[PDB]
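The file structure_5.csv contains CSV, C-alpha atoms and all ligand atoms:
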chain,number,residue,atom,x,y,z
A,814,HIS,CA,5.2,20.6,-9.0
A,815,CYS,CA,4.1,17.4,-10.8
A,816,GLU,CA,1.9,19.3,-13.3
A,817,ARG,CA,5.1,20.3,-15.1
A,818,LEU,CA,6.0,16.7,-15.6
A,819,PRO,CA,6.1,15.3,-19.1
A,820,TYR,CA,3.5,13.0,-20.6
A,821,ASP,CA,4.8,10.8,-23.4
A,822,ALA,CA,1.6,9.9,-25.2
A,823,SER,CA,3.4,7.5,-27.6
A,824,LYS,CA,4.4,5.4,-24.6
A,825,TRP,CA,1.3,5.6,-22.4
A,826,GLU,CA,-1.8,6.6,-24.4
A,827,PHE,CA,-4.3,3.8,-24.9
A,828,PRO,CA,-7.3,4.2,-27.2
A,829,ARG,CA,-10.7,4.6,-25.4
A,830,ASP,CA,-12.4,2.3,-28.0
A,831,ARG,CA,-10.4,-0.7,-26.7
A,832,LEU,CA,-11.6,-0.2,-23.2
A,833,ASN,CA,-14.8,-1.8,-22.0
A,834,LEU,CA,-15.9,-0.5,-18.6
A,835,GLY,CA,-17.3,-2.9,-16.1
A,836,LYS,CA,-18.3,-2.7,-12.4
A,837,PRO,CA,-17.2,0.1,-10.1
A,838,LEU,CA,-14.6,-0.8,-7.5
A,839,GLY,CA,-15.9,2.1,-5.3
A,840,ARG,CA,-16.0,5.6,-4.0
A,844,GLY,CA,-12.8,10.2,-8.5
A,845,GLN,CA,-14.2,6.8,-9.4
A,846,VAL,CA,-12.5,3.5,-9.9
A,847,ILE,CA,-14.0,0.9,-12.3
A,848,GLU,CA,-13.1,-2.6,-13.3
A,849,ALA,CA,-12.6,-2.8,-17.1
A,850,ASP,CA,-11.5,-5.0,-20.0
A,851,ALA,CA,-8.7,-3.7,-22.2
A,852,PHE,CA,-7.6,-5.3,-25.4
A,853,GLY,CA,-3.9,-5.1,-26.3
A,854,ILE,CA,-2.8,-3.0,-23.4
A,855,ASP,CA,0.5,-5.0,-22.9
A,856,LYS,CA,0.9,-5.0,-26.7
A,857,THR,CA,-0.1,-8.7,-27.0
A,858,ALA,CA,-3.3,-9.8,-28.7
A,859,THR,CA,-5.1,-10.4,-25.3
A,860,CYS,CA,-8.2,-9.0,-23.5
A,861,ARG,CA,-7.1,-8.2,-19.9
A,862,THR,CA,-9.0,-7.0,-16.8
A,863,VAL,CA,-7.7,-3.7,-15.6
A,864,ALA,CA,-8.7,-1.0,-13.1
A,865,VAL,CA,-9.5,2.5,-14.3
A,866,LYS,CA,-9.6,5.7,-12.3
A,867,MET,CA,-11.8,8.3,-14.0
A,868,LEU,CA,-13.5,11.5,-12.8
A,869,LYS,CA,-17.1,12.0,-11.5
A,870,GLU,CA,-19.8,14.0,-13.3
A,871,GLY,CA,-18.6,17.5,-12.3
A,872,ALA,CA,-15.3,18.0,-14.0
A,873,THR,CA,-13.6,20.9,-12.1
A,874,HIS,CA,-10.1,22.0,-13.1
A,875,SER,CA,-8.6,21.1,-9.8
A,876,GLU,CA,-10.0,17.5,-10.0
A,877,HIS,CA,-8.7,17.1,-13.6
A,878,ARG,CA,-5.3,18.6,-12.4
A,879,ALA,CA,-5.2,16.2,-9.5
A,880,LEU,CA,-5.8,13.1,-11.6
A,881,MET,CA,-3.3,14.3,-14.2
A,882,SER,CA,-0.8,14.6,-11.3
A,883,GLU,CA,-1.5,11.1,-10.1
A,884,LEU,CA,-0.7,9.8,-13.6
A,885,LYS,CA,2.6,11.7,-14.0
A,886,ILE,CA,3.7,10.7,-10.5
A,887,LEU,CA,3.2,7.0,-11.4
A,888,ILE,CA,5.1,7.5,-14.7
A,889,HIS,CA,7.9,9.2,-12.8
A,890,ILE,CA,8.0,6.5,-10.1
A,891,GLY,CA,8.4,3.6,-12.6
A,892,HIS,CA,7.5,-0.1,-12.4
A,893,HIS,CA,8.0,-2.4,-9.5
A,894,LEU,CA,6.3,-5.8,-8.8
A,895,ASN,CA,5.1,-4.5,-5.4
A,896,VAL,CA,3.4,-1.3,-6.4
A,897,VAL,CA,0.2,-1.0,-8.4
A,898,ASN,CA,1.6,-0.3,-11.9
A,899,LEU,CA,0.4,2.1,-14.6
A,900,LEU,CA,-0.5,0.4,-17.8
A,901,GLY,CA,-1.7,3.4,-19.8
A,902,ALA,CA,-4.0,6.3,-20.0
A,903,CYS,CA,-6.7,8.1,-21.9
A,904,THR,CA,-5.9,11.8,-22.0
A,905,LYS,CA,-6.7,13.1,-25.4
A,906,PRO,CA,-9.7,15.5,-26.1
A,907,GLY,CA,-12.1,12.6,-27.3
A,908,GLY,CA,-13.7,11.7,-24.0
A,909,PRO,CA,-13.0,11.3,-20.2
A,910,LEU,CA,-9.6,11.4,-18.4
A,911,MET,CA,-8.9,7.8,-17.4
A,912,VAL,CA,-5.9,6.3,-15.7
A,913,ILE,CA,-5.4,2.6,-16.3
A,914,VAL,CA,-3.6,0.4,-13.8
A,915,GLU,CA,-3.1,-3.3,-13.0
A,916,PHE,CA,-6.2,-5.0,-11.5
A,917,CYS,CA,-5.8,-6.6,-8.1
A,918,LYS,CA,-8.6,-9.2,-7.9
A,919,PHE,CA,-8.6,-9.8,-4.1
A,920,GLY,CA,-9.0,-6.1,-3.1
A,921,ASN,CA,-7.4,-4.6,0.0
A,922,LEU,CA,-5.3,-6.7,2.3
A,923,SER,CA,-7.0,-5.6,5.6
A,924,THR,CA,-10.4,-6.9,4.4
A,925,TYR,CA,-8.9,-10.1,2.9
A,926,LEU,CA,-7.0,-10.8,6.1
A,927,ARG,CA,-10.2,-10.4,8.2
A,928,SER,CA,-12.1,-12.8,6.0
A,929,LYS,CA,-9.5,-15.6,6.7
A,930,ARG,CA,-9.5,-15.6,10.5
A,931,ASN,CA,-11.1,-19.0,10.7
A,932,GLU,CA,-9.0,-20.1,7.7
A,933,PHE,CA,-5.6,-19.5,9.3
A,934,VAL,CA,-3.0,-21.9,10.9
A,935,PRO,CA,0.6,-21.1,11.7
A,936,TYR,CA,3.6,-23.0,10.3
A,937,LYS,CA,1.2,-25.7,8.9
A,992,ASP,CA,-2.2,-32.1,7.4
A,993,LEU,CA,-3.4,-30.6,4.1
A,994,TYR,CA,-6.0,-28.2,5.3
A,995,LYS,CA,-6.0,-27.0,1.6
A,996,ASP,CA,-6.6,-23.2,1.3
A,997,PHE,CA,-5.6,-21.5,4.5
A,998,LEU,CA,-3.2,-18.6,5.4
A,999,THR,CA,-0.1,-19.4,7.4
A,1000,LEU,CA,2.8,-17.5,9.0
A,1001,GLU,CA,4.7,-18.0,5.7
A,1002,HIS,CA,2.0,-16.0,3.8
A,1003,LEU,CA,2.0,-13.2,6.4
A,1004,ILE,CA,5.8,-12.9,6.5
A,1005,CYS,CA,5.7,-13.0,2.7
A,1006,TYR,CA,3.2,-10.1,2.5
A,1007,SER,CA,5.3,-8.1,5.0
A,1008,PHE,CA,8.5,-8.8,3.0
A,1009,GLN,CA,6.8,-7.6,-0.2
A,1010,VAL,CA,5.5,-4.3,1.2
A,1011,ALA,CA,9.0,-3.7,2.5
A,1012,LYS,CA,10.4,-4.3,-1.0
A,1013,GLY,CA,7.8,-2.0,-2.5
A,1014,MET,CA,8.7,0.7,0.1
A,1015,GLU,CA,12.5,0.4,-0.4
A,1016,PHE,CA,11.7,0.9,-4.1
A,1017,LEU,CA,9.6,4.0,-3.4
A,1018,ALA,CA,12.3,5.3,-1.1
A,1019,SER,CA,14.9,4.9,-3.9
A,1020,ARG,CA,12.6,7.0,-6.1
A,1021,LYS,CA,12.7,9.7,-3.4
A,1022,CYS,CA,9.0,9.2,-2.4
A,1023,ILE,CA,7.2,9.3,0.9
A,1024,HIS,CA,3.9,7.4,0.8
A,1025,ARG,CA,2.4,9.1,3.9
A,1026,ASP,CA,-0.6,6.7,4.1
A,1027,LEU,CA,0.9,3.3,4.5
A,1028,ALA,CA,-1.8,0.9,5.9
A,1029,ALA,CA,-3.2,-2.5,5.0
A,1030,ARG,CA,-6.2,-0.9,3.3
A,1031,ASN,CA,-3.7,0.6,0.9
A,1032,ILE,CA,-2.1,-2.7,0.1
A,1033,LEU,CA,-3.8,-4.7,-2.6
A,1034,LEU,CA,-3.7,-8.4,-3.1
A,1035,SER,CA,-3.3,-9.9,-6.5
A,1036,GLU,CA,-3.0,-13.5,-7.8
A,1037,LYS,CA,-0.1,-15.8,-6.7
A,1038,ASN,CA,0.1,-14.0,-3.4
A,1039,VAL,CA,1.6,-10.8,-4.9
A,1040,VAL,CA,0.7,-7.7,-2.9
A,1041,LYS,CA,1.1,-4.2,-4.3
A,1042,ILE,CA,1.2,-0.8,-2.6
A,1043,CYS,CA,-1.4,1.5,-3.9
A,1044,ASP,CA,-2.7,5.1,-3.2
A,1045,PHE,CA,0.0,7.4,-4.5
A,1046,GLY,CA,-2.4,10.3,-4.3
A,1047,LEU,CA,-0.5,11.7,-1.3
A,1048,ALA,CA,2.9,10.5,-2.5
A,1049,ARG,CA,5.5,13.3,-2.2
A,1050,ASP,CA,9.0,13.8,-3.6
A,1051,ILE,CA,11.9,14.4,-1.1
A,1066,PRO,CA,-5.2,9.1,10.1
A,1067,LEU,CA,-3.3,9.3,13.4
A,1068,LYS,CA,-3.2,5.6,14.4
A,1069,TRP,CA,-0.6,5.1,11.6
A,1070,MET,CA,1.3,8.4,12.1
A,1071,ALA,CA,4.7,8.7,13.7
A,1072,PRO,CA,5.0,11.1,16.7
A,1073,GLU,CA,7.2,13.6,14.8
A,1074,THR,CA,4.5,13.8,12.1
A,1075,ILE,CA,1.7,14.2,14.8
A,1076,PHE,CA,3.6,16.8,16.8
A,1077,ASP,CA,6.1,18.4,14.4
A,1078,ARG,CA,4.1,17.8,11.1
A,1079,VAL,CA,7.2,16.0,9.7
A,1080,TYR,CA,7.0,13.3,7.0
A,1081,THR,CA,10.1,11.4,6.0
A,1082,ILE,CA,10.7,7.9,4.7
A,1083,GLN,CA,11.5,7.1,8.4
A,1084,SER,CA,7.9,8.2,9.3
A,1085,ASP,CA,6.8,5.6,6.7
A,1086,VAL,CA,8.8,3.1,8.6
A,1087,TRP,CA,6.7,3.8,11.7
A,1088,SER,CA,3.6,3.3,9.6
A,1089,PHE,CA,5.0,0.1,8.2
A,1090,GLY,CA,5.3,-1.1,11.8
A,1091,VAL,CA,1.5,-0.4,12.3
A,1092,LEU,CA,0.9,-2.3,9.0
A,1093,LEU,CA,2.8,-5.3,10.3
A,1094,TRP,CA,0.6,-5.2,13.4
A,1095,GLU,CA,-2.4,-5.2,11.1
A,1096,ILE,CA,-1.1,-8.2,9.2
A,1097,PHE,CA,-0.3,-10.3,12.3
A,1098,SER,CA,-3.7,-9.4,13.8
A,1099,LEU,CA,-5.3,-10.5,10.6
A,1100,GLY,CA,-6.7,-7.1,9.7
A,1101,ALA,CA,-7.7,-5.8,13.2
A,1102,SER,CA,-7.9,-2.1,13.8
A,1103,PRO,CA,-4.8,-0.6,15.6
A,1104,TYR,CA,-4.8,0.3,19.2
A,1105,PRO,CA,-8.0,-1.7,20.1
A,1106,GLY,CA,-10.5,0.2,22.3
A,1107,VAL,CA,-8.1,3.2,22.7
A,1108,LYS,CA,-9.4,6.7,22.6
A,1109,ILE,CA,-7.5,8.7,20.0
A,1110,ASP,CA,-7.2,12.0,22.0
A,1111,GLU,CA,-4.7,14.3,23.7
A,1112,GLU,CA,-3.8,11.4,26.1
A,1113,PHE,CA,-3.1,8.8,23.4
A,1114,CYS,CA,-0.5,11.2,22.0
A,1115,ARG,CA,1.0,11.8,25.4
A,1116,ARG,CA,1.3,8.0,25.9
A,1117,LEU,CA,2.8,7.6,22.4
A,1118,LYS,CA,5.4,10.4,23.1
A,1119,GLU,CA,6.2,8.8,26.5
A,1120,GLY,CA,6.9,5.5,24.7
A,1121,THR,CA,3.6,3.5,25.1
A,1122,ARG,CA,3.2,0.9,22.3
A,1123,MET,CA,0.6,-1.6,21.2
A,1124,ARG,CA,1.0,-5.1,22.7
A,1125,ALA,CA,1.8,-8.1,20.4
A,1126,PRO,CA,-1.1,-9.1,18.1
A,1127,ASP,CA,-2.7,-12.6,18.2
A,1128,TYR,CA,-0.9,-14.2,15.3
A,1129,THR,CA,2.6,-12.8,15.5
A,1130,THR,CA,5.9,-14.4,16.0
A,1131,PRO,CA,8.3,-13.0,18.7
A,1132,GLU,CA,10.6,-11.8,15.9
A,1133,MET,CA,7.9,-10.0,14.1
A,1134,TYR,CA,6.7,-8.2,17.2
A,1135,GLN,CA,10.4,-7.2,17.8
A,1136,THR,CA,10.4,-5.7,14.3
A,1137,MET,CA,7.2,-3.7,15.0
A,1138,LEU,CA,8.9,-2.3,18.1
A,1139,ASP,CA,12.0,-1.4,16.1
A,1140,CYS,CA,9.8,0.4,13.5
A,1141,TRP,CA,8.2,2.2,16.4
A,1142,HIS,CA,11.5,3.7,17.7
A,1143,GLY,CA,11.0,7.2,19.1
A,1144,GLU,CA,14.1,8.4,17.3
A,1145,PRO,CA,13.4,8.3,13.5
A,1146,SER,CA,17.1,7.7,12.6
A,1147,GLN,CA,17.1,4.7,15.0
A,1148,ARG,CA,14.3,3.0,13.1
A,1149,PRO,CA,15.4,0.5,10.5
A,1150,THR,CA,15.6,1.6,6.9
A,1151,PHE,CA,13.4,-0.2,4.4
A,1152,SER,CA,16.5,-1.9,2.9
A,1153,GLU,CA,17.3,-3.3,6.4
A,1154,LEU,CA,13.7,-4.4,6.7
A,1155,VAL,CA,13.9,-6.2,3.3
A,1156,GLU,CA,17.1,-8.0,4.5
A,1157,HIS,CA,15.7,-8.9,7.9
A,1158,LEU,CA,12.3,-10.0,6.6
A,1159,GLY,CA,14.0,-12.1,3.9
A,1160,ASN,CA,15.8,-13.9,6.7
A,1161,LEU,CA,12.6,-14.5,8.7
A,1162,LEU,CA,10.9,-15.9,5.5
A,1163,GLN,CA,13.6,-18.4,4.9
A,1164,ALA,CA,13.7,-19.3,8.7
A,1165,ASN,CA,10.0,-20.1,8.5
A,1166,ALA,CA,10.9,-22.2,5.5
B,1201,LIG,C1,-10.4,-1.5,-2.9
B,1201,LIG,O1,-11.6,-1.9,-3.6
B,1201,LIG,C2,-11.3,-3.0,-4.4
B,1201,LIG,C3,-10.2,-2.9,-5.3
B,1201,LIG,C4,-9.9,-4.0,-6.1
B,1201,LIG,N1,-8.8,-4.0,-7.0
B,1201,LIG,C5,-8.0,-2.9,-7.4
B,1201,LIG,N2,-6.9,-3.2,-8.1
B,1201,LIG,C6,-6.2,-2.2,-8.6
B,1201,LIG,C7,-6.5,-0.9,-8.3
B,1201,LIG,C8,-7.6,-0.6,-7.5
B,1201,LIG,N3,-7.9,0.7,-7.2
B,1201,LIG,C9,-9.0,1.0,-6.3
B,1201,LIG,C10,-7.4,1.9,-7.8
B,1201,LIG,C11,-7.1,1.9,-9.2
B,1201,LIG,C12,-6.6,3.1,-9.8
B,1201,LIG,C13,-6.3,4.1,-9.0
B,1201,LIG,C14,-5.8,5.4,-9.2
B,1201,LIG,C15,-5.3,6.1,-10.5
B,1201,LIG,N4,-5.7,6.1,-8.1
B,1201,LIG,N5,-6.1,5.3,-7.1
B,1201,LIG,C16,-6.5,4.1,-7.6
B,1201,LIG,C17,-7.1,3.0,-7.0
B,1201,LIG,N6,-8.4,-1.6,-7.1
B,1201,LIG,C18,-10.7,-5.1,-6.1
B,1201,LIG,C19,-11.8,-5.2,-5.2
B,1201,LIG,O2,-12.6,-6.3,-5.2
B,1201,LIG,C20,-12.2,-7.3,-6.1
B,1201,LIG,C21,-12.0,-4.1,-4.4
B,1201,LIG,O3,-13.1,-4.2,-3.5
B,1201,LIG,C22,-14.2,-3.6,-4.2

Can you present the structure in this file as structure tokens?
Amino acid sequence: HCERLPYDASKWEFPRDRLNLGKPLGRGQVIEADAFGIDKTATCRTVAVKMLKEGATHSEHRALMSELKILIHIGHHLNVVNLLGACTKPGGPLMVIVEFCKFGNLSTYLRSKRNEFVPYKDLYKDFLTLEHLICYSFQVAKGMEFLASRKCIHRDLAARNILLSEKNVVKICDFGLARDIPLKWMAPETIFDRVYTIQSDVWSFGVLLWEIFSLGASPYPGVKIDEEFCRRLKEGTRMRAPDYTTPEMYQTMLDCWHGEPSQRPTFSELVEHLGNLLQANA
């Protein structure tokens, strides 16, 4: 019921003749673009634009319109990919304009920096450290506490859906399955009972932490995702600690993977706790 939602064109509508489309960013289609005056200043800024494919079904146009209204409803936060404007009027294609994250998804970035990482550390001069990793974790937690306060469940929280921007700002994206009230990231109650709550997102956040402190490895390495895996997960079997974690961060993963959803930390508690780890590293 996010079709009903209002669209204030005065606030959001951006003229199509001030958008210059660039290279595709993959796969609905996302394209890199240049927008003049989208923050109301006299500047040409790089943005990302979701538009439709050459087919134009009603359900596809409905879906994208729903994405837009959900983003308007959610509101702005530093640690989500924010809406800048949209092109919705009868002139041309439906286009949703968001902030461009120039480094792409966090899983891929982290993988590309495995020989450019050192923990806690004589002027290497470009490398990732534990500080960065804990900083990214803290930021996603902040983004999730925000989404939780807007009464959303993400339902697909994974490093590939975290985007990296300039100045080490990470942003939660993919709100196409965000609701109001892939198995290796899924909580047991969501696997077995089909449940989704903010506390199920906490479990996924735990898998995301494992992804961060493995530098973008795939969860449950070499494990068959079958009826046994789900047995083991129900029982209480968990991933071992990844290669680049601290003890404290692995403990937080285990906490997020509590069997009882109400016994997992809330995102506010994770923001508190991760904030303390960040300052302890520093
Ligand atoms: C993941 O691929 C890259 C992304 C990006 N950067 C980027 N920044 C912001 C958004 C965004 N995306 C994909 C997007 C935008 C709008 C929507 C909407 C309405 N729904 N979903 C959206 C998804 N992609 C940069 C890359 O290399 C530099 C990538 O590697 C090719």

Please check which residues have atoms at most 6 Å from (-8.4, 12.5, -15.2) in the file's coordinates, counting all atoms listed in the file, and write them as a PDB file with C-alpha atoms, in the frame of the given file.
ATOM      1  CA  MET A 867     -11.800   8.300 -14.000  1.00  0.00           C
ATOM      2  CA  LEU A 868     -13.500  11.500 -12.800  1.00  0.00           C
ATOM      3  CA  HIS A 877      -8.700  17.100 -13.600  1.00  0.00           C
ATOM      4  CA  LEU A 880      -5.800  13.100 -11.600  1.00  0.00           C
ATOM      5  CA  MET A 881      -3.300  14.300 -14.200  1.00  0.00           C
ATOM      6  CA  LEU A 910      -9.600  11.400 -18.400  1.00  0.00           C
ATOM      7  CA  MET A 911      -8.900   7.800 -17.400  1.00  0.00           C
TER       8      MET A 911
END

Distance of atom CA of residue A:893 from atom CA of residue A:1041, expressed in Å to one decimal place: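 Interatomic distance here is 8.8 Å.
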
Residues of chain A at most 10 Å from ligand LIG 1201 (chain B): nearest atom pair and distance in Å, only C-alpha atoms and all ligand atoms, as a tab-separated table:
residue	atom	partner	partner_atom	distance
A:836	CA	B:LIG1201	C22	9.2
A:837	CA	B:LIG1201	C22	7.6
A:838	CA	B:LIG1201	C22	4.3
A:839	CA	B:LIG1201	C22	6.0
A:840	CA	B:LIG1201	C9	8.7
A:844	CA	B:LIG1201	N4	8.2
A:845	CA	B:LIG1201	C16	8.4
A:846	CA	B:LIG1201	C9	5.6
A:847	CA	B:LIG1201	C11	7.6
A:848	CA	B:LIG1201	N1	7.8
A:862	CA	B:LIG1201	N2	9.7
A:863	CA	B:LIG1201	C6	7.3
A:864	CA	B:LIG1201	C11	5.1
A:865	CA	B:LIG1201	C12	5.4
A:866	CA	B:LIG1201	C15	4.7
A:867	CA	B:LIG1201	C15	7.7
A:880	CA	B:LIG1201	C15	7.1
A:881	CA	B:LIG1201	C15	9.2
A:882	CA	B:LIG1201	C15	9.7
A:883	CA	B:LIG1201	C15	6.3
A:884	CA	B:LIG1201	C15	6.7
A:887	CA	B:LIG1201	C15	8.6
A:896	CA	B:LIG1201	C6	9.9
A:897	CA	B:LIG1201	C6	6.5
A:898	CA	B:LIG1201	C6	8.7
A:899	CA	B:LIG1201	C15	8.1
A:902	CA	B:LIG1201	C15	9.6
A:911	CA	B:LIG1201	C15	8.0
A:912	CA	B:LIG1201	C15	5.2
A:913	CA	B:LIG1201	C12	6.6
A:914	CA	B:LIG1201	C12	5.7
A:915	CA	B:LIG1201	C6	5.5
A:916	CA	B:LIG1201	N2	3.9
A:917	CA	B:LIG1201	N2	3.6
A:918	CA	B:LIG1201	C20	4.5
A:919	CA	B:LIG1201	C20	4.8
A:920	CA	B:LIG1201	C18	3.6
A:921	CA	B:LIG1201	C1	5.2
A:922	CA	B:LIG1201	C1	8.9
A:924	CA	B:LIG1201	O3	8.8
A:925	CA	B:LIG1201	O3	9.7
A:1030	CA	B:LIG1201	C1	7.5
A:1031	CA	B:LIG1201	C1	8.0
A:1032	CA	B:LIG1201	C1	8.9
A:1033	CA	B:LIG1201	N2	6.5
A:1034	CA	B:LIG1201	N1	7.8
A:1035	CA	B:LIG1201	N2	7.8
A:1041	CA	B:LIG1201	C6	8.7
A:1042	CA	B:LIG1201	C7	9.6
A:1043	CA	B:LIG1201	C17	6.7
A:1044	CA	B:LIG1201	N5	5.2
A:1045	CA	B:LIG1201	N4	6.9
A:1046	CA	B:LIG1201	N4	6.6

Requested write-out: C-alpha atoms of the selected residues, as a CSV table (one decimal), keeping the file's coordinate frame:
chain,number,residue,atom,x,y,z
A,836,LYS,CA,-18.3,-2.7,-12.4
A,837,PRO,CA,-17.2,0.1,-10.1
A,838,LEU,CA,-14.6,-0.8,-7.5
A,839,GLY,CA,-15.9,2.1,-5.3
A,840,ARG,CA,-16.0,5.6,-4.0
A,844,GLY,CA,-12.8,10.2,-8.5
A,845,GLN,CA,-14.2,6.8,-9.4
A,846,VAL,CA,-12.5,3.5,-9.9
A,847,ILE,CA,-14.0,0.9,-12.3
A,848,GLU,CA,-13.1,-2.6,-13.3
A,862,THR,CA,-9.0,-7.0,-16.8
A,863,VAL,CA,-7.7,-3.7,-15.6
A,864,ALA,CA,-8.7,-1.0,-13.1
A,865,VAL,CA,-9.5,2.5,-14.3
A,866,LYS,CA,-9.6,5.7,-12.3
A,867,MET,CA,-11.8,8.3,-14.0
A,880,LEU,CA,-5.8,13.1,-11.6
A,881,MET,CA,-3.3,14.3,-14.2
A,882,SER,CA,-0.8,14.6,-11.3
A,883,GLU,CA,-1.5,11.1,-10.1
A,884,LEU,CA,-0.7,9.8,-13.6
A,887,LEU,CA,3.2,7.0,-11.4
A,896,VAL,CA,3.4,-1.3,-6.4
A,897,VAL,CA,0.2,-1.0,-8.4
A,898,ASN,CA,1.6,-0.3,-11.9
A,899,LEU,CA,0.4,2.1,-14.6
A,902,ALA,CA,-4.0,6.3,-20.0
A,911,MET,CA,-8.9,7.8,-17.4
A,912,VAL,CA,-5.9,6.3,-15.7
A,913,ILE,CA,-5.4,2.6,-16.3
A,914,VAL,CA,-3.6,0.4,-13.8
A,915,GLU,CA,-3.1,-3.3,-13.0
A,916,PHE,CA,-6.2,-5.0,-11.5
A,917,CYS,CA,-5.8,-6.6,-8.1
A,918,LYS,CA,-8.6,-9.2,-7.9
A,919,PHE,CA,-8.6,-9.8,-4.1
A,920,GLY,CA,-9.0,-6.1,-3.1
A,921,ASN,CA,-7.4,-4.6,0.0
A,922,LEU,CA,-5.3,-6.7,2.3
A,924,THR,CA,-10.4,-6.9,4.4
A,925,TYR,CA,-8.9,-10.1,2.9
A,1030,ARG,CA,-6.2,-0.9,3.3
A,1031,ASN,CA,-3.7,0.6,0.9
A,1032,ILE,CA,-2.1,-2.7,0.1
A,1033,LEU,CA,-3.8,-4.7,-2.6
A,1034,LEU,CA,-3.7,-8.4,-3.1
A,1035,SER,CA,-3.3,-9.9,-6.5
A,1041,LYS,CA,1.1,-4.2,-4.3
A,1042,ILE,CA,1.2,-0.8,-2.6
A,1043,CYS,CA,-1.4,1.5,-3.9
A,1044,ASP,CA,-2.7,5.1,-3.2
A,1045,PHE,CA,0.0,7.4,-4.5
A,1046,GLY,CA,-2.4,10.3,-4.3

Could you list, with a cut-off of 9 Å and counting all atoms listed in the file, the residues of stretch 927-1092 of chain A near stretch 1143-1160 of chain A, each shown with its nearest atom pair and the distance in Å rounded to one decimal, rows sorted by chain and ascending number, as JSON lines?
{"residue": "A:1004", "atom": "CA", "partner": "A:1158", "partner_atom": "CA", "distance": 7.1}
{"residue": "A:1005", "atom": "CA", "partner": "A:1158", "partner_atom": "CA", "distance": 8.2}
{"residue": "A:1007", "atom": "CA", "partner": "A:1158", "partner_atom": "CA", "distance": 7.4}
{"residue": "A:1008", "atom": "CA", "partner": "A:1158", "partner_atom": "CA", "distance": 5.4}
{"residue": "A:1009", "atom": "CA", "partner": "A:1155", "partner_atom": "CA", "distance": 8.0}
{"residue": "A:1010", "atom": "CA", "partner": "A:1155", "partner_atom": "CA", "distance": 8.9}
{"residue": "A:1011", "atom": "CA", "partner": "A:1155", "partner_atom": "CA", "distance": 5.6}
{"residue": "A:1012", "atom": "CA", "partner": "A:1155", "partner_atom": "CA", "distance": 5.9}
{"residue": "A:1014", "atom": "CA", "partner": "A:1151", "partner_atom": "CA", "distance": 6.4}
{"residue": "A:1015", "atom": "CA", "partner": "A:1151", "partner_atom": "CA", "distance": 4.9}
{"residue": "A:1016", "atom": "CA", "partner": "A:1151", "partner_atom": "CA", "distance": 8.7}
{"residue": "A:1018", "atom": "CA", "partner": "A:1151", "partner_atom": "CA", "distance": 7.9}
{"residue": "A:1071", "atom": "CA", "partner": "A:1143", "partner_atom": "CA", "distance": 8.4}
{"residue": "A:1072", "atom": "CA", "partner": "A:1143", "partner_atom": "CA", "distance": 7.5}
{"residue": "A:1073", "atom": "CA", "partner": "A:1145", "partner_atom": "CA", "distance": 8.3}
{"residue": "A:1081", "atom": "CA", "partner": "A:1145", "partner_atom": "CA", "distance": 8.8}
{"residue": "A:1082", "atom": "CA", "partner": "A:1150", "partner_atom": "CA", "distance": 8.3}
{"residue": "A:1083", "atom": "CA", "partner": "A:1145", "partner_atom": "CA", "distance": 5.6}
{"residue": "A:1084", "atom": "CA", "partner": "A:1145", "partner_atom": "CA", "distance": 6.9}
{"residue": "A:1086", "atom": "CA", "partner": "A:1151", "partner_atom": "CA", "distance": 7.0}
{"residue": "A:1087", "atom": "CA", "partner": "A:1148", "partner_atom": "CA", "distance": 7.8}

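Distances here use all atoms listed in the file; by that measure, the residue among A:1096, A:999, A:929, A:1141 closest to residue A:1069 is A:1141.
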